[PDB]
Amino acid sequence: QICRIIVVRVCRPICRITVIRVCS
């Protein structure tokens, strides 16, 4: 019905910034 976007941090190698989409 509705979707949103989020963010996280992955250390590969250094903990960088990345956005992650989702749907529910």
# chains A, B, ... in the order shown; residues from 1 in each chain; ligands from 1

$ residues_around --residues "residue A:3" --least-positions-apart "3" --cutoff "8 Å" --atoms "only C-alpha atoms" --output "list in words"
residues 21, 22, 23 and 24 of chain A

$ write_last_selection --atoms "C-alpha atoms" --output "PDB file, in the first residue's frame"
ATOM      1  CA  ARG A  21      14.337   1.211   0.181  1.00  0.00           C
ATOM      2  CA  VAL A  22      11.471  -0.885   1.545  1.00  0.00           C
ATOM      3  CA  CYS A  23       7.815  -1.713   0.908  1.00  0.00           C
ATOM      4  CA  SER A  24       4.981  -2.664   3.261  1.00  0.00           C
TER       5      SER A  24
END

$ select_by_dssp --residues "chain A" --states "strand (DSSP E)" --output "PyMOL selection string"
chain A and resi 3-11+15-23
